[PDB]
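A.B. asks:
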Amino acid sequence: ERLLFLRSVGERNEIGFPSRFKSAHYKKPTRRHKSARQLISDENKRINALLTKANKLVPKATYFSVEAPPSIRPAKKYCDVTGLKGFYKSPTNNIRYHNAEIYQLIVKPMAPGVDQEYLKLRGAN
Amino acid sequence: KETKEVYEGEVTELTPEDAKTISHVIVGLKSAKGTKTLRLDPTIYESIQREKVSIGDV
Amino acid sequence: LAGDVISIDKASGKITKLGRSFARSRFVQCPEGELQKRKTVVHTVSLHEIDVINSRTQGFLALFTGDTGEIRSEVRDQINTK
Amino acid sequence: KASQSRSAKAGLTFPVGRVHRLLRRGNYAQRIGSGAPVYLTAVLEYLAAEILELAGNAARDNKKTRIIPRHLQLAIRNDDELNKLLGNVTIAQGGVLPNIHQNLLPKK
Amino acid sequence: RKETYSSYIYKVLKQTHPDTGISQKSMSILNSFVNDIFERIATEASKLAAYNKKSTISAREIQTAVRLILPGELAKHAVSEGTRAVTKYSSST
Amino acid sequence: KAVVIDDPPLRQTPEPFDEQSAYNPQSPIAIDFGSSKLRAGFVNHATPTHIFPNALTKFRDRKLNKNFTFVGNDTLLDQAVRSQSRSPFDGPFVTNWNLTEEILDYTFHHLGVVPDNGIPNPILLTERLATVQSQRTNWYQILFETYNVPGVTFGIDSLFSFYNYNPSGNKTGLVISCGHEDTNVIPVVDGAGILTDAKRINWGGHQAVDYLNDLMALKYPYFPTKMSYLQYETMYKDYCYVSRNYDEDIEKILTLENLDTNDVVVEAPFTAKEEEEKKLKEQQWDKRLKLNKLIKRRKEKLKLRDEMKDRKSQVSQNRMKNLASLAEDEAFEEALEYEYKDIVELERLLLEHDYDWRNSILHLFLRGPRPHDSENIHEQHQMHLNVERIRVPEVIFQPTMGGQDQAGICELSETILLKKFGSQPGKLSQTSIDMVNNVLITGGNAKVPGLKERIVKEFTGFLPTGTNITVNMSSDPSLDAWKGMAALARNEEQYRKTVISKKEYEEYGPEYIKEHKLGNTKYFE
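Chains as they are written, first to last, in PDB author numbering: chain S, 28 to 83, 94 to 162; chain T, 134 to 152, 161 to 199; chain Y, 185 to 209, 220 to 276; chain G, 13 to 120; chain H, 36 to 128; chain R, 12 to 282, 439 to 452, 463 to 506, 547 to 571, 584 to 754.
(1) Could you spell out where the beta strand (DSSP E) holding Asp151 of chain T opens and where it closes?
(2) Quick one: what does DSSP say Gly655 of chain R is sitting in, helix, strand or coil?
(3) Mapping the DSSP letters down to three states, classify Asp245 of chain Y as helix, strand or coil.
(4) Using alpha carbons as the reference points, say which of R:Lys489, R:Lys473 and R:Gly83 lies closest to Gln95 of chain R.
(5) Would you call the stretch 729–739 of chain R in contact with the stretch 180–194 of chain R, where contact means no fewer than 3 C-beta pairs closer than 8 Å?
(6) How about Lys122 of chain S: is its C-beta nearer than 8 Å to some C-beta of chain R?
(7) Interface residues of chain R around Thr178 of chain T at Cβ under 7 Å?
(8) Using DSSP with H/G/I as helix, E/B as strand and the rest coil, what is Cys639 of chain R?
(9) Whose Cβ in chain Y lies nearer than 7 Å to the Cβ of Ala137 of chain S?
(10) Is any beta-carbon of chain S found at less than 8 Å from that of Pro598 of chain R?
(11) Apply the 10 Å Cβ neighbour rule to residue 1 of chain G and answer buried if 16 or more other Cβ atoms are within range, or exposed otherwise.
(12) If the criterion is Cβ atoms closer than 8 Å, does the pair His217 of chain R and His121 of chain R meet it?
(13) I'd like the span of the alpha helix (DSSP H) that includes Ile472 of chain R, first residue to last.
(14) What does the alpha-carbon distance come out to for the pair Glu278 of chain R and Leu614 of chain R?
(15) Using a Cβ cut-off of 7 Å, pull out every chain G residue sitting near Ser490 of chain R, in sequence order please.
(16) Please tell me whether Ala70 of chain G has its Cβ less than 8 Å away from any Cβ of chain R.
(17) Quick check on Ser164 of chain T: does DSSP put it in helix, strand or coil?
(18) Is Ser126 of chain H helix, strand or coil when you go by DSSP?
(19) Excluding sequence positions up to five away, which residues of its chain have a Cβ less than 8 Å from the Cβ of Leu270 of chain R?
(20) Any C-beta of chain Y sitting closer than 8 Å to the C-beta of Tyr125 of chain S?
(21) Is the stretch 103–120 of chain G touching the stretch 43–60 of chain G, taking contact as three or more C-beta pairs under 8 Å?
(22) If the cut is a Cβ gap below 8 Å, which residues of chain R does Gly142 of chain T touch?
(23) Does DSSP put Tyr250 of chain R in a helix, in a strand, or in coil?
(24) Contact between the stretch 190–198 of chain Y and the stretch 684–697 of chain R is defined here as three or more beta-carbon pairs at a separation below 8 Å; is this criterion met?
(25) Are the CB atoms of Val114 of chain H and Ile76 of chain H within a distance shorter than 8 Å?
(26) Would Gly123 of chain R and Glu30 of chain R qualify as a contact pair, given that the criterion is a beta-carbon distance under 8 Å?
(27) If we call anything under 8 Å between Cβ atoms a contact, is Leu154 of chain R one with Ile42 of chain R?
(28) Quick one: which residues of the stretch 88–114 of chain H get their C-beta closer than 9 Å to a C-beta of chain S? List them in chain order.
(29) Determine whether the beta carbon atoms of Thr207 of chain R and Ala98 of chain S lie at a separation below 8 Å.
(30) Between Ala51 of chain R and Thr750 of chain R, what straight-line distance do the alpha-carbon atoms span, to the nearest angstrom?
(31) Thinking C-alpha only, which one of R:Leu468, R:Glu477 and R:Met485 is nearest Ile560 of chain R?
(32) Counting only C-beta atoms, is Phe650 of chain R closer than 8 Å to chain S at any point?
(33) Please name the residue in R:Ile638, R:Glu564 and R:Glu740 whose C-alpha comes closest to that of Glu104 of chain S.
(34) In the DSSP assignment, what residue or residues form a beta bridge with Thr178 of chain T?
(35) Bridge partners of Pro232 of chain R, per DSSP?
(36) Roughly how far, in whole angstroms, is the beta-carbon of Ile72 of chain H from the beta-carbon of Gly45 of chain G, given that I think they are within contact range, below 8 Å?
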C-alpha cells in the first residue's frame, strides 16, 4: 500500500510523448546545458562587441548597469569568531578577533585550512 | 532677558562661495532626527576654519 | 623603535615611552592582559585651583609662580554655586 | 615603465627569476606555473634564515664573530627537526657531540 | 662564469646578525644545502605532477611537496611564509 | 526548555484538479514563475489557485514502468522523493529548459485546460529586472512554439505589486523588493518605473539560509548529525529579526541581563612522632595580600614551567641555548602547582579562621547563561542562537558582511532620494516628496520582523526634518505580484496595450522589447 501509494499518483499524473498540451508539430532543437556563470560572460562580450562596433551608443538599462555601486562610508569591522566588535587583528592568519581569551582559545591554536574558511564568509581570501 | 539658539550636528556639506574673498558658506548639519541647511557669513567661517572643522565632525 | 614599551591615548594623541622591555640582545616588564584597557582615575582638586583657573586674567601658572594677585569675589561666588 | 624584479614584489631577497630559470631548464615539467618560483623562493629563503639564525646563536655561544662548520654542525644536531632532515648527510669538518653512556662513568 | 647564492645568503645573515663574518667553506656548505633542498622539492613536485596526469607544475604541487618532505612544525612555518609571500606577490592590481 | 526542530511534515492530501466544465478558452491565465515558488491562477479569481515550490524529480521503481512525473506539491509526500527534487533555476537564471516544460505541462494539466493545437489562452508572465537576451529569446521561442499561445506580456514582480497597491497607474513611489536571490530598489515616476536608476543587490533568502548554514557549521565543528537545508530554513524563519540599531545591540548581546531573554536553544533530532610534633607546632601557630601575591607568583612559575615544557616556546629555546652555551663553555611541575594550590588553600583557611564560566565570553557565546557538562548526550545535540538572531538579517543593510562589495539598502535609497531627479542635498523636489510619501515594501523575504521600523528610523535619519515619511506593507507580501497581474488583466481594459501578438513576433523577430510602463526597457538609447 505504501509502495503503491506513489504508483497511484504516478498513474494519475502522467503525460505521454504525444503531448496533448503541446503543438501538433514539435521540431525540438538541441541545446547545451549553458551554466549561469558563462551566461554573464557571453552577455558581456556581446555588449562589448556592440560598443566596439558602434564606436568604430550609450547603454541605458543592462545587467551591468543596474548592479549596485560600492559604498562610500568605511566598512565596519567585526570579530570573525563571535560576530561582535572586532578590535584587534592577528598578524599571522589575518583574523579579526574580539579580546584576549578569544585569541588564546580559538585564533592562536587553530589548524591551517580553517582560517581560509573563516575568511570565506566575508570573501577575504 | 536673553535667548539661546543652538545648532549641533554632523557636518555633511561645507561649501563656501565668493563674490580671494569668500561671500558666504552653506553648511549642512545632521542629527538623529534629521538634517538642516544653513547659510553663514565669512566671519563665522573664519572661526570654523580656525577650529579645523572638516566633513564628518560634530 | 622596536623593543619599546609605550602607552598611547587615542583621544588626545599622547604617546609616552615607558622604557625598553627585557631584551639583552631603562628596563621594564612587558604588560599583561588586554591591549585596550579602560581605567578609572580619581582627581582631588582644591577650590583655590578652580578659583585661579576660572579667573581669566591669569592662567594656571600662577598656581606655580604664585602671582594670583587679589582674586575677586565674583568668581568665588560662581565657583561656590557650581 | 621601468619596474623592479619579482623578488621585492614578493618582498624577498632571494632571486625569483633565477629560481624560475633553474625550474624551467631543470627539466622537471614541460609547463611551469607562475606562482611556483615565488613559493619555492619563499621556502628556501625561510630555511636559509632559520639555519643562519641557529648558526648565529651557536657562534655567539662560542664568543666569536665568524662561522666555522663546527657551529653549523652543532646547530644542526642540537635541533631535532634538522636532525630528522639532515640525518644521512655528513658535513665537512664537523666532528661529533660530547656524549657518554651512564654506566661508563666512574659511578662508585 | 659561475653561479653562487653568496650575496643573497650574505644579506640573509645581515638582517639577523650584522656583526658576523662567514667562512668560504661554510658558504659552500650552505650552497650545497639549499641546492639539495631545491632538487628534492623539485623532484617531489615533478613526480607528484606526473602522478596526477597533469602537465603543469603550480603552487599547490610544491605545497603538497613541502607538506610531504619537511617535518610538520617546519612544514607549517614554511607554508605560512610561502602563503604570505605568494599572496603579497599576487596583489598586482 | 529546549525545542527539537525537524523537517516539515509531509502533506497527506495531493493537490486537486480544476474542473474542465468551468474552463474558459478566452480567459487569460496568470503564471508567476518565481525562483522559490510558482504561483498559478486564473484572472477571474482573487486568491491564487495553485501554490507549490518550483521543483520536481524523477523516481525509480523495481518493476520498471517509467511513470514518474512528480512536480511541485507531489514532492511533499515522502522524504526520498523530496530529497532528490531539482529546481530549474541555477542562480537567478534558468539553465535547463526541458524541466520547465515538464513543470508547465503539469501546471496546465492541473488547471483543468483541454486545448486544441496548443494553448489558446493568453499568457501573463513575470521576468527579472534587466534580464539577458538569451532568457527572453528562449522564453519567446518556447512559448510561441511549444504552446502556440496567442498573446504574452512580461513585467517585473515588484512593479506588479506596486500596480496592485495603487491601481490608478500614474502614481509616484519607491518599490523595495526582497526577493529570493536579489534585492531591488526601483523608483516609479508617474506610474512608469524609471529603470535607468533602479539598483540590485546580490543577496536574498537563499544566501541568508546558506549564511546561517556556514555560521552554524563553523560554530560547532563536532556536531554528530548533519543538518539539512529545511531545518536551517525554519530556524531562519522562526528565530531571526532586524534590530532597531545594530551597534548598540551587538555591545550588550552577550551580557547576562540580556542573554537570559533572547537566547534560543535548538535540539537536534536523534534516536611518625616527628610528623605528630610538626602538627602540634602548626596548631600552636597585608600579609594575606602578600600570600595572594605569592600564589600569583606560583601561578607565574607554573606558567614558566609550562613554557619550558613546550620546546617551541622562547623560554625553552633560551634554556636550550643556555645548555648549548654550557656545552660550549612535567609531573614535578604539576606536583609543585598542586602544593602551591594547597598552600593557597591553607592561606585562605588561615584568613577565614584566624576562572568562572560567568566571565568566559566564549562560553556565553557557545552555551549561553547555563553551565555545561559535555558528557550528557542531550546538550551535545544542541545549538544556541544568540548573535545569529540579528546578524543574519543585517546583511541586506551591510552587504560587506556577506562578501559582496555593494552599498546598503539605506544608502541606495539615500542617493536616489537626495542626489537624483532634481533634488539637491538640502532641498527636496516634489517628485522626491511624492516618493517618500508612498514607499512600499514587497517580496517574500519581508516576513522578518522589525524591517519596517528600521527602514522608517533610517529614513528619518537621513531626510530633512519635518518630511512626512509613510511606509506601506502587505499582510502577506508573497502574493502581491500575482494579484498585480490579476489587477492588470481584470480591472483595466488597456491591457491590450502591452500584449505581444504572434504576427508582430514574426514581423519583428526575437530581438524585440515593448516599452510599456510596467515592464523592461531597451538596452541602449
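Ideal Cβ placement from N, Cα and C applies to all residues, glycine included.
C.D. replies: In brief:
(1) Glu143 to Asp151
(2) coil
(3) helix
(4) R:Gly83
(5) no
(6) yes
(7) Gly655
(8) helix
(9) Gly227 and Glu228
(10) no
(11) The shown model of chain G, from 13 to 120, leaves out residue 1 of chain G, and the question about it has no answer.
(12) no
(13) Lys464 to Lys486
(14) 11 Å
(15) Chain G residues near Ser490 of chain R: none, gap ~15 Å exceeds 7 Å.
(16) yes
(17) strand
(18) coil
(19) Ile264, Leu593, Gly597, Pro598 and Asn615
(20) yes
(21) no
(22) Ordered by position in chain R, no residue passes the 8 Å Cβ test against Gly142 of chain T, which lies about 10 Å from the chain.
(23) coil
(24) no
(25) no
(26) yes
(27) no
(28) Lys111 and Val114
(29) yes
(30) 26 Å
(31) R:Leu468
(32) no
(33) R:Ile638
(34) T:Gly169
(35) According to DSSP, which records beta bridges pairwise, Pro232 of chain R is partnered with nothing at all.
(36) So it is not a contact: roughly 20 Å between Cβ atoms.
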